[PDB]
Peer 1: 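My questions all concern the structure below.
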2 protein chains.
Amino acid sequence: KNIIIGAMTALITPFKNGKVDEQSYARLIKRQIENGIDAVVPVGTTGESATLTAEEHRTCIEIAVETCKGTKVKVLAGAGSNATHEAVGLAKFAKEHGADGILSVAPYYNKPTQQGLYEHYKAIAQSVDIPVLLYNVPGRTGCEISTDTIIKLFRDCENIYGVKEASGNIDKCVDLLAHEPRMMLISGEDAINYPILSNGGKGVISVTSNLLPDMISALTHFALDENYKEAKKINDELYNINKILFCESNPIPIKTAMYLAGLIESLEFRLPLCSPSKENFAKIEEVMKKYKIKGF
Amino acid sequence: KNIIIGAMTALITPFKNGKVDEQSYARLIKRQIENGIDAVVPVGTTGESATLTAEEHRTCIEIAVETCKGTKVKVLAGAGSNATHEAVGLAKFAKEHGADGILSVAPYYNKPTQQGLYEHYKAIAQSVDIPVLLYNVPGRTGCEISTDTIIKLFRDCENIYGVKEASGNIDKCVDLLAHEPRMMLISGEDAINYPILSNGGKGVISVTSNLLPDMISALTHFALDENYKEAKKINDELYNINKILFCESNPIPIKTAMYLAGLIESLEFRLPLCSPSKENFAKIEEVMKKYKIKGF
Ligand SMILES: N[C@@H](CCCC[NH3+])C(=O)O
Ligand SMILES: N[C@@H](CCCC[NH3+])C(=O)O
Ligand SMILES: [Mg+2]
């Protein structure tokens, strides 16, 4: 299989006057490239995929592709949807516009059965010839891709090469890699990046890397080299920021932190996302003091 | 406030050859009208709102309006979205095409904060002048509209008149009506229709009424007329079917039952929804035997 692994960033999507700030987006991606990130994920959960239009979602994938061109950095395009025809549409777009692979979140809200999830991802995988990474985040979607379903899709569909797990379930991560050690397990939960990598996970799709790409990149590559002491030290050091970045729903804290660090011009969301509480704003600002934040 | 209450049906959306069967859709609504239903909800969760296009969603609202025109039955159009600009668009469409009100599910997947939910619904309520019913279903959306937020919204926005509760939390239903008895609490969970009505809830938005509209209507009207013994009697009778209709994720069982009753032509869903397992198909068929299903 072709794979997309290593340190990866679930990119925030900046807004200026309620529109996607495309110049800021490219600058942010270029900051990720220059700080050791192996791949970028445009328009995931952290990129506010829900509130982008179909056209803006596609524009952000194109900016990612264009910015990473002539570099070693890959684009794992956000392409999930709770409608299979929508997810197939995004997968085919990402393939046709030069993405290296796609991320595809499990359908949210409509709670398909395991049989339905299998057919959903099978339809997506068959529509393209690039790698497909499953994405399990039951706290957001209301459904779970079971270990059996993941393993069946990995074994049955050529391009499905692993899963981004955001479920706080290290038992499942053991279950997945003990029964199917060939898949690429990707951490979707920054606080437990090191435990997942130390069990044979092969990368992270990180929120924190938006702010601290150098630290997440170093953690991941240390762990991949089995330098566990060094990877753990960074994971332990990052714990306070990893958790405060979820004091409110992601991406409210990370955009707050990026704004506080001067990396985006305005603290702007699309409704129903909005600014953090005044208190949580201050809690984020205080935790940030303990870290060295790279500029442009 | 202007309100829409009583016995209401979350209409299934039948498909034929992968498109909305607009003739069957109108026929099903007329079966609801003739069996005492007070309002119909086109394109809710049960109507597979996630997998309809913008156009199909709008077409279904129009058919409901047209079918209920010159009748006593109201249209409470499904208009929710996890993107506020989308929910405002659907709210304005529903107002402009003659719906009596809108249902608006809490944003799914992107998990807004309580402040974000307040602003989301304020934007929706201010966009139209027809009644707005909030819709809380945390098992599907991943977020909860808190009792405080509901109440604030009810008191601050003239068009917001209540909530459809689908959270299995009768304590919350006591909380809501003890602190704000003027709101219309609507049951969105068939198995506990009677407990919610007997505490002062004023209607149901039903899945089961698709199959047994006469029974759900009678249950609601007994309860509103304070015949709690007869409303409870029907609620008890319906428990087996109310429960089997969620053996798999709604609307997979209800469409299976509608197809088994000969009320829709094909057992067709849009992916990621799919046929129930063979075992659940037979279990649904078996439970149905105990009920008398009105035809057309
Ligand atoms: N709000 C819808 C549409 C998003 C379309 C672009 N990502 C959803 O979250 O699925
Ligand atoms: N699948 C998207 C778009 C649906 C648009 C029509 N209801 C969502 O669930 O939000
Ligand atoms: Mg090395």
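Note on naming: letters A, B, ... go to the chains in the order of the sequence lines (proteins, then strands), and numbering restarts at 1 for each one.
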Peer 1: Which of the residues A:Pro272, A:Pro251, A:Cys143, A:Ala50 is involved in the greatest number of heavy-atom pairs with chain B at under 4.5 angstrom?
Peer 2: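 The option with the most such pairs is A:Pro272.
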Peer 1: Only pairs of heavy atoms separated by less than 4.5 Å count here; which of B:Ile252, B:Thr141, B:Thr45 has the most with chain A?
Peer 2: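 So the answer, after comparing B:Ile252, B:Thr141, B:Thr45, is B:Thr45.
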Peer 1: Measure the spacing between CG of A:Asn110 and CZ of B:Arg140 and express it to the nearest 0.5 Å.
Peer 2: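 Result: 7.0 Å between the selected atoms.
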Peer 1: What part of A:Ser275 gets closer than 4.5 Å to chain B, counting heavy atoms only: side chain, backbone, both or neither?
Peer 2: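 The answer is neither part of A:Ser275.
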Peer 1: Can you name the residues that form a ring pair (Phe, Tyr, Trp, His ring centres under 6.0 Å) with A:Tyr108, not counting sequence neighbours?
Peer 2: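 Applying ring pair (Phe, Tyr, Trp, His ring centres under 6.0 Å) to A:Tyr108 gives B:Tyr109.
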Peer 1: In terms of heavy-atom proximity below 4.5 Å to chain A, should B:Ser49 be classed as side chain, backbone, both, or neither?
Peer 2: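 Only the side chain of B:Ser49 comes within 4.5 Å of chain A.
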Peer 1: Can you list the residues that meet the ring pair (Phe, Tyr, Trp, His ring centres under 6.0 Å) rule with B:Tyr259, with sequence neighbours excluded?
Peer 2: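 None.
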Peer 1: Non-hydrogen contacts under 4.5 angstrom with chain A: give the residues of residues 82-91 of chain B involved, or none if there are none.
Peer 2: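 B:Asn82, B:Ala83, B:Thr84, B:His85, B:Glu86 fall under the 4.5 Å cut-off.
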Peer 1: Output the residues of residues 118-134 of chain A for which the shortest heavy-atom distance to chain B is under 4.5 Å, in residue-number order; output 'none' if no such residue exists.
Peer 2: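 Answer by number: A:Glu119, A:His120.
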Peer 1: Please report the closest heavy-atom contact between B:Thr113 and A:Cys274, naming both atoms and the distance.
Peer 2: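 B:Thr113 and A:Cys274 have their closest heavy atoms at OG1-SG, 3.8 Å.
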